[PDB]
Amino acid sequence: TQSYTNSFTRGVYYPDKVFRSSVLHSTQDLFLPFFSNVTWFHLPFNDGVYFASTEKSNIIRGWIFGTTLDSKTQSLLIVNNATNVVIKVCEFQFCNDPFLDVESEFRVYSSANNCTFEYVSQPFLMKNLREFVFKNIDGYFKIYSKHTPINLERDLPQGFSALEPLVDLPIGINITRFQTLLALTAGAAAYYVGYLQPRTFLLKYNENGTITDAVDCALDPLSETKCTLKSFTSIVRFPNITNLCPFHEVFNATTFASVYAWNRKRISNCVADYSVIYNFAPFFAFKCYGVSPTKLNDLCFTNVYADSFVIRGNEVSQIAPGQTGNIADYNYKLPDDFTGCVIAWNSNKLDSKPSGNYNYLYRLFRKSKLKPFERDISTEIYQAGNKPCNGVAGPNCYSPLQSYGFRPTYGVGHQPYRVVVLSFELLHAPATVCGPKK
Amino acid sequence: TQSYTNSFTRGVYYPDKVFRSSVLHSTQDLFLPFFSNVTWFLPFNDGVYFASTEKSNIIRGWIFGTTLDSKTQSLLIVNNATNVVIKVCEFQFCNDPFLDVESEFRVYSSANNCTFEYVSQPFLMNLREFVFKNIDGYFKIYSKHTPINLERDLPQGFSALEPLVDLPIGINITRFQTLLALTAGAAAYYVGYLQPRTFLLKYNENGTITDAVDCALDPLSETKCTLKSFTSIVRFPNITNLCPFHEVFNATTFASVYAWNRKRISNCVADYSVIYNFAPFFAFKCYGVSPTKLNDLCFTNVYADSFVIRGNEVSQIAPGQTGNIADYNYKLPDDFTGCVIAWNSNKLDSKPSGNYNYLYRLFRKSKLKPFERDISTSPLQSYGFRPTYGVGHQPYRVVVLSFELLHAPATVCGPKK
Amino acid sequence: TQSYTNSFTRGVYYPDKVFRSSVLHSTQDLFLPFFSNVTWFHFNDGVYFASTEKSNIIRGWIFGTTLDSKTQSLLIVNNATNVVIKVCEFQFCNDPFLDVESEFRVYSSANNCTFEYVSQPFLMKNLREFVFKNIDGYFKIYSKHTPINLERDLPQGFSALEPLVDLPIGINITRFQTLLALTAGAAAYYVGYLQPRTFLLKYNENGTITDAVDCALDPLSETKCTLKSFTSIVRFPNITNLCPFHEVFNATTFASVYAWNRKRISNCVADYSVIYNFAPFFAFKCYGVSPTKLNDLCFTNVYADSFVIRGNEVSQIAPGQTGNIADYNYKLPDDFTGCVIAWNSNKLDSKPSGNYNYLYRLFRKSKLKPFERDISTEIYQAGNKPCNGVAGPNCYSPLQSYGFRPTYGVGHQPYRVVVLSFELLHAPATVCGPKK
Amino acid sequence: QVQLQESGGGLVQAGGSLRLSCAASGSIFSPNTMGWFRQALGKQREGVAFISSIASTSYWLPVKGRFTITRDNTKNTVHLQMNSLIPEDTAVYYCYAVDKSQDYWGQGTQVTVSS
Amino acid sequence: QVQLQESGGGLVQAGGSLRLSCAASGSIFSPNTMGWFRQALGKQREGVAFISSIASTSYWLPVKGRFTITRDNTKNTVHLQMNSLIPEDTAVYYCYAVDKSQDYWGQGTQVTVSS
Amino acid sequence: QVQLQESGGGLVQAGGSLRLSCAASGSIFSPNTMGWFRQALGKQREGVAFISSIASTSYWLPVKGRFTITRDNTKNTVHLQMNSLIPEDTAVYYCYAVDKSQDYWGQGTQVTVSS
C-alpha cells in the first residue's frame, strides 16, 4: 500500500575516505536530491537506493537483490540477525515469493549452488531511525549506513546527519531489481524508499572531521548562487540526386559471354546505389570479403570494376581468393587481397535448350597458369608430345578450348550460373564516385 | 609575329564562391600583376591570362599538352555553334592544326583512348578574356565577354572574371596552342602570365567586384593594403697546397689487410674530383658526410687507411658489423665519421699461378677494439687470386677515409674561393 | 713524505676557444674550488698538478686503470727534443723511472696500442702548473709556466691556463703516477683534485682572463655571482603471496574474442619476472606506465583479459582506434592505463584441415561502449521484415569463424593476446609486494 | 572445467529421424547460450542452430522443420530433433556452450545419411 | 552491335566443293580470333577450324586436309573453302568470333552432300 | 722505398748446409718483424719462420733444429742457418718485412737439394 511524502534534507554520505576538517568541498556523485518524493510503503533498483525505517523489533531483517530473480541470475542476499550479519551471492534458484520460515532458505530459493563469495560480520543493526544507502558501481557493491534518535513522527525528521560507510564488497554482478524481507501469519510494517540521481553537492566539514551541513547545486537559484560563491551566506540538405551509376546494364545483359572471355566494365564519375542489386532473385552466392555489405553506401572509392560471365553450378566455390581449380588458374585468377563482392545465381531457365547449348566455351589446356586479373584469348593447338603439332590436331595435339553443354533436364551442379564480381580499388586521385546521400 | 604591350588593370577573378557586400577584403593568391608586359601575336608556368578581340569567332579551342603528341594525356577543348566538348584523349597532332569548315583531320591525324568526356554549352557566343589555372588535381577556367567601343588596345576599365568550370583531371600541363578555321585570314591575341601576389578587392552591395589594388605596385598601394582602405661573403686561408690523395691512390703496391696503410692528410686543399675520375668504383659509401657535399665544408684532419680484401668481404667494412675481417682484422667505431671506397683490382693483383703476398687473420684470443691492427705473427693465412676466379673472390682495394669535426680552426678547406 | 697547503686562487682555465673582451661571463664546469687543501708530496675526475724545480728532474706521466699490461695506459714521455704520447699497455714496474736512457726499468716491453703522437715538448724561480681532464673520450691538457720569486709555497696571484692539447683517446682511467730521471735525489710536487663548480670569469679588453669569482664559497661571493659584478623508509603491507600470473598464461585454452575471458587479481604480491620469462613477445606495450617500473608500484585491483587475434589485427587493440573488432568485439577506453601483450601461436592454434574453434563478430547494430562484451547470437536485421528465421535475403547472421593453417603467412596466423588493466587512486591498494 | 556430453549420432537411411543431445556439466554459469555447429567433410564449420537461456532460438540456416531445439531447464541440457534426413546434411556435429566467461566445445559426433 | 554475315552454303553432290564466307562488322577489336563450328541435327556443336590474328590456321581431325581458310585483312573477313566433300559433312556451320569481349555467333549455313 | 737483399741460395747435396741472409735497407721502421716464407714449385706459399724485434721466435713448421734464426741488431739483418737438408724443403725462399705500416717482400733465393 504505497503513499507519498517529503524527503527533506536526508541521505548524505561520505563520498570517499580522505580526512578533511574546516573546509568547504564540492563533490559530484550520486545523491538523493533535496525535497524529493520518497515512496512510503506498508521494486526497480535504478542507479541506487536510499532505504530508511524505524521498526525496532527487527521486523526488517534483510534484502534480496538480483536481475531476473531466478537461478538464471545469482541473487545477492543480505540477512541480519542478533548473532552475525550474513551476505551470500550464490546462484539461488529463486522461488515465486521470498521469505524465511523462521529459518529454512527453501522458500527463498530451491538449491544452494556455486558461489565464489560469502561474508559474515558483526550485526548491522544496533524512537530510532536507521538509514541505509545501497549502490553498486564499477563492479563494487557499497553499503553506507547510519542510525539516529528521533521523537515519534510519521515522516522523515527535519535536521541533518551524515552516513558513514559500512561495507564495500568486491562482487561485480549486475542488479536491476530488489525486494525487502520482513519478519512477521499476516501483518504490516513501514519503511521509506527513494532513488539516487547524479548531482553536485557542497559539503561542509567542521573541525572534528564530521560533515555537518551540505547544500545542493540544482534545487533553486539561491542554491546555485551558494554553490558559485562557495559559501553558506536536425536538417540535412545536399545536391539533388541525378547521376546514377547504371547497374541494370551489367545485370540481365542476356549475353555474359564465356568465362575465358569475360567482359570487364569500368564504372566512374557517377553515384552508385547498391540497393537495386537486391531487387533481383535470391542469389545462389552472395559473398563480400573486404567490405561489409551494410556499409557499402557509407564508404566510397575511386573506380569500380565489374566482371560478368557464366560458369557451371559446382564451380562457384572456385571463384574466391586463394582458390585452385581449372576455372581458377586457367580462365579467371583472383588476387589474394581482393576487396569486393561476388554474386552468383542460376540461369538454367535462360541458358539451356533441349537440343544443346554450346556457345559457352572455356579453356581446358594451357602451358602455364594465369596471373590475377588476366585473360587469354589466343587459340593454338596445345602440344603434348615431343614432336611438333605443326598447327594440326591428332596424337598429342588437342585444342585448348572445350565447349560447355546445358540442357533443361540436367541436375543441380551443372546447370548454367551467372557470376558477377565487383572489385574496388584506391589510388592517388579524387574518388569522384560515392553512394547516394540524403 | 610578336610584340609587347602593357596590361593596365586586367585579370581579376573571384577567389571563391563566397558572397560579400560593401566590405573590402584581402586575398593572397595567383593574379596578373598591374602594369606588366603581355605579348601580342608557349610555357604554362602557373596560370594564364588569355585574351582576343575578333568578332568572326575564328579562334576556337585550346590544346593543353605535356608532350604535344599522341604519347601523353592532352586536354582538348573544342567549340562549335551548338556545344563545347572537353576530352583527355592524346590525339596525333600536326604542325599547324586548323579546322576546315568541317573535317578535323587537319587538326590531328589520328585519335586514341582516354578516360574523360565533358559536354556543355559552348564557351563563346568585343573582347573575350579567360584565366586558366590548374592546381591540386583541379583545372579551373574563368571567363568574361566585355563589349568594347571602337578602340585599339585593352580598355582602361575594370571587369571581374567569373568562374566557368572546374574539372578534377589531375594531370600536369605545360603548353598550349591556337586553332584557326578556314582563304587568307588574320588573327591576333594577347597572352600574359600569372604570379603569386596579394590583392585588396572591393565588393559593392550586390556582390560584384568594382575595384582592386595590388599590394606591391608602388608604396601608396602598399599603404592602402596595410591600412585596409581606399583613401654572403666567403673567405678562406691563402695556402694553396694540393692534398696528397693521388699518392695514396694508384700506388701499385697495397699492403695486406692485416697491416693496412694509414696516412695522415692535413694542411692542404682537398679535391675529390680525382675520386670520380680515378675509376668506376664498385662501392662508394659515406656515413657522416653526404658524398655529393664533400666539396663545401672545412675539415681539420683526414686519415686514409688502405688495404686489400676479398670481393665478398667488402660489406664487412662497416661500423657496428660482425665478421672475421671485422673482429680480427679491422673494426670501425659505431660513431665513425668518414667514407669507404672499394674498387676491383683483378687485372692488377691476380697472378696466373696465384698471388700469395696478401694474408689475413683467422685465429686470435680477443676481439679487436676499433682503430687498431695486429702485427704479431698458422694464425695467418695467405690469400689466393687467379684470373680464373669469378666474382666474389677477386681482390678488391678498399680505402677508408676517417674524418673528425669540432676541433681547432680547420685548415683543409679551399674547394671554394 | 706528505704535507698540506691551501690552493688559494689557482686553477682557472679558459673553458672554450671563444674570444671575448671586457665582458663578465658565467660558466659551469669542473674547477678546483678556491681555498682548498692540495696534497704536497716529497685521479677521480681531473688533476691539478704543480711543481717548481729547475733541474728538469721531473718528467713523464703514466695514466691507467691497472698499471699492468692488461689494459691501455696513457704514457707521456718528455725529453730535450720532443714529447711522445702513447697508449700502450706496458708492463710497468713497481717504481718506474728513466735510466738516463733505457725504458726497461719503466716497463717490460711494447704491445698493442694505436695513438702515437710527437710534438714540441711542454717543458722548456719558475713554477709549472698543469690541468689534466678526461671527459667523453677526450683527454685535454692545459698548461702554464710562471716566473715565481723566491717563495716556498704557491704564490698569491692569478694565472689563467691556456689549452695545450686535446686528444681523442677514450680510455677508462682510475689512477696516475709521475716518473723521475736519475744516484739518489729529492723533489716535490703538489696535487689537487677537481670538482664541478660554477665560476664567474672576467675578461679584460685584450681577451685574457684576469680575475674570477667562485659562486659557492661564501655569501659575499654568491651575491657577486647573482648580481654579475665585482662590487628513506618504506612501509608496504605485511602480506606475502603470489599473484597467479602463471594461471593466466599457458592455460592451453583461450577464449574467442567476441567472448573474452575476464580475470580479477587482488590480494597478492605482484611479480612480473615471469612475464618476460614466458616468451619472446611479438608486441609488449604499456600505455599509462613504463614497462620497466611495474615492479615498484601499488595498485587497487588488476584485470587480465585473454583471447586470440589474427596477427595483422594486433595493432587494432589500442585506445581511440577503429576497426571491426575495435568497435564490434572489444573496445578499449581512451584513458587506458595498462599493458598489452601479444605473441605468436601459429605452432599451437593452427591445423592443416583448418582449426576454426574461434569466432569474431562483424555485424552489430551499434558501436561498442568501452569494456563491453556482447554474447547474443540473434540474426542481424538489415532494415526489413523480421528474419527471425534465417539470414535469407537482406538479413544476415553474425560470427564468422577464423581459419588457421600452418601454410598461412604472418598477418593471418593466430596470436594470443593478454591485456592487463590497472586501478589507481582508490581504496587501500593490495597488489604490491616486490619490495620490503 | 566443463564437460559436454553428446549423444545420438550414427548411420540412418534417407528420410530418417534421430535425436542429438548435449548436456553440460561443470561450471557452466547461469546466463548461458547453447548451440550446434556443423562440420562437413573437409570443409568449413557452419552454425546449425542456437538456443538461448530465455528460450529464444536463432536458426542460422533456412532449415526449420528439419531441426527442432528443445531445452531441459532442470538439467540444463539441449536436444536437437532430426527429421526428414537428406544426404547433404551428412556431416559431423559439435555443441557450443558460450556460458558467460569463455565458450567451450564438444568432442564430435558422426551423423550419416545415404541411400 | 556486331553482325557477322554468313554465305555460300547449299546443296552439292558428293566430291564437290563449297565456298563459305563470313564478314564481321561492328566493334571487332584488332586481336580477333575467328573460327568455324559444325552442328548436325542430333549432334552438338563440333569445332571445324580456327584462325587467330597471327593468321595461323588450325584444323580438326575429321576434316584433315579437306577444308581451308583464307583471311582478308583489308576487309577483315574470313573465307572457308570446302573441297572433297562427303556425306559425313552434312551439317550447318556457324563461324564464331572470339574477340576480347562478348562473343557473337552466326545464323547458320546449310551444307548438304548426298548422292 | 725499402730494399730486401737476399743471398746464400743454390744447389746443395743431401745433408748439406747453407746460410740464407736477408738485409732490409730503406725505411724498415723501428718496430719491425722479419720473417721467412717458403714457395714450393707451383704450390701454396707457407711460412718458414718469423723472428721479432724482441728476439722472440715463432716457427710455423715442426722444423725446430733445421732452421736457426740469428739477428744482427747493429745492421738489423736476419740470417737463416740451414742444416741437415732433406729433399722436401726444395723450395724458393722469400723474406717478409712487416715494418709497422707497409709490409714488403723479397726478390727470391733458389734453394735446391737432391741426390
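If you go along the chain as it appears here, the first residue is 1 and each next one adds 1.
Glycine is no exception: its Cβ is also placed from the backbone N, Cα and C atoms.
As annotated by Swiss-Prot, N-linked glycosylation site applies to B:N37 (among others). Counting every protein chain shown, the Cβ of B:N37 (N-linked glycosylation site) has 10 other Cβ atoms within 10 Å.
Taken from Swiss-Prot, the feature N-linked glycosylation site applies to B:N80 (among others). In the structure as shown, the Cβ atom of B:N80 (N-linked glycosylation site) sits within 10 Å of 14 other Cβ atoms.
Per Swiss-Prot, disulfide bond is recorded for B:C89-B:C114 (among others), and the stated evidence type is experimental evidence. All protein chains included, B:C114 (disulfide bond) registers 15 other Cβ atoms within 10 Å of its own Cβ.
Positions annotated as N-linked glycosylation site by Swiss-Prot, on the basis of experimental evidence: B:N113 (among others). B:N113 (N-linked glycosylation site) has a Cβ environment of 7 other Cβ atoms inside 10 Å. Following the DSSP three-state reduction, the secondary structure of B:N113 (N-linked glycosylation site) is coil.
The N-linked glycosylation site annotation in Swiss-Prot covers B:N172 (among others), and the record cites experimental evidence as its basis. Look at B:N172 (N-linked glycosylation site): DSSP puts it in coil.
Residues or ranges marked as region 'Putative superantigen' by Swiss-Prot: B:204-225. Only residues 6 or more beyond the boundaries of the region 'Putative superantigen' (B:204-225), in the same chain, are considered here, and those with a CB under 8 A from a CB of the stretch are 9, 12, 14, 19-22, 26, 31, 33-35, 158, 160, 197-198.
Long-range Cβ neighbours of B:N206 (N-linked glycosylation site) (same chain, at least 6 residues apart, Cβ-Cβ under 8 Å): B:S21. The N-linked glycosylation site feature in Swiss-Prot is assigned to B:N206 (among others); the stated evidence is experimental evidence.
Per Swiss-Prot, disulfide bond is recorded for B:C215-B:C225 (among others), and the stated evidence type is experimental evidence. Sequence-distant neighbours of B:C215 (disulfide bond) (same chain, 6+ apart, CB under 8 A from its CB) are B:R197, B:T198, B:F199, B:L200, B:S221, B:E222, B:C225.
Packing around B:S232 (O-linked glycosylation site) is summarised by its Cβ count: 2 other Cβ atoms lie within 10 angstroms of its Cβ, all protein chains included. Marked as O-linked glycosylation site by Swiss-Prot: B:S232.
Other Cβ atoms within 10 Å of the Cβ of B:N238 (N-linked glycosylation site) number 6 in total over all chains. The N-linked glycosylation site feature in Swiss-Prot is assigned to B:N238 (among others).
What Swiss-Prot lists as disulfide bond is B:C243-B:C268 (among others), and the listing cites experimental evidence. The local packing around B:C268 (disulfide bond), expressed as other Cβ atoms within 10 Å of its Cβ over all shown chains, amounts to 18.
Taken from Swiss-Prot, the feature N-linked glycosylation site applies to B:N250 (among others). According to DSSP, B:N250 (N-linked glycosylation site) is assigned to coil rather than to any helix or strand.
Sequence annotations record features per position, and here Swiss-Prot assigns disulfide bond to B:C286-B:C339 (among others) based on experimental evidence. Within the same chain, residues at least 6 positions away in sequence whose Cβ sits under 8 Å from that of B:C339 (disulfide bond) are B:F284, B:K285, B:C286, B:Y287, B:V289, B:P291, B:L294, B:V400, B:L401, B:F403.
The disulfide bond annotation in Swiss-Prot covers B:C298-B:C413 (among others). Following the DSSP three-state reduction, the secondary structure of B:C413 (disulfide bond) is coil. Proximity of B:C413 (disulfide bond) to non-local residues of its own chain (separation of 6 or more, Cβ distance below 8 Å) is seen for B:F236, B:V269, B:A270, B:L297, B:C298, B:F299, given in sequence order.
For B:355-363, the entry in Swiss-Prot reads region 'Immunodominant HLA epitope recognized by the CD8+', with the evidence type experimental evidence. Same-chain neighbours of the region 'Immunodominant HLA epitope recognized by the CD8+' (B:355-363): 256-258, 308, 324-325, 328-329, 349, 374, 379-385, 395, counting only residues six or more beyond its ends whose CB sits under 8 Å from a CB of the stretch.
Under a cutoff of 8 A between CB atoms, and with a sequence separation of 6+ in the same chain, the neighbours of B:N172 (N-linked glycosylation site) are B:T66, B:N134. In the three-state DSSP scheme, B:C225 (disulfide bond) falls into the helix class. A Cα-Cα distance of 52 Å separates B:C268 (disulfide bond) from B:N37 (N-linked glycosylation site). When the recorded positions B:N80, B:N113, B:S232, B:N238, B:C243, B:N250 are screened for a Cα within 10 A of the Cα of B:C89 (disulfide bond), the ones that qualify are B:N113. In sequence order, B:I265, B:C268, B:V269, B:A270, B:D271, B:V302, B:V412 are the residues near B:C243 (disulfide bond), counting only same-chain partners six or more apart with C-beta under 8 A. Think of the gap as 18 residues with no coordinates, bounded by B:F41 and B:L42; the Cα atoms of those bounding residues are 12 Å apart. The closest partner of B:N238 (N-linked glycosylation site) among the recorded positions, by CA position, is B:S232; the full candidate set was B:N80, B:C114, B:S232, B:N250.
When the alpha carbons of B:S232 (O-linked glycosylation site) and B:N37 (N-linked glycosylation site) are compared, the span between them is 32 angstrom.
Here the deposited model leaves out 19 residues, and the two residues on either side, B:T377 and B:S378, have Cα atoms 9 Å apart. Here the candidates are the recorded positions B:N80, B:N113, B:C114, B:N250, and by Cα distance the one nearest B:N37 (N-linked glycosylation site) turns out to be B:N80. Rounded to a whole number, the C-alpha distance linking B:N113 (N-linked glycosylation site) with B:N250 (N-linked glycosylation site) is 59 angstrom. As a summary of secondary structure, the region 'Immunodominant HLA epitope recognized by the CD8+' (B:355-363) carries 0 helix, 3 strand, 6 coil according to DSSP. A break of 10 residues separates B:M125 from B:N126 in the model, with a C-alpha distance of 11 angstrom spanning it.
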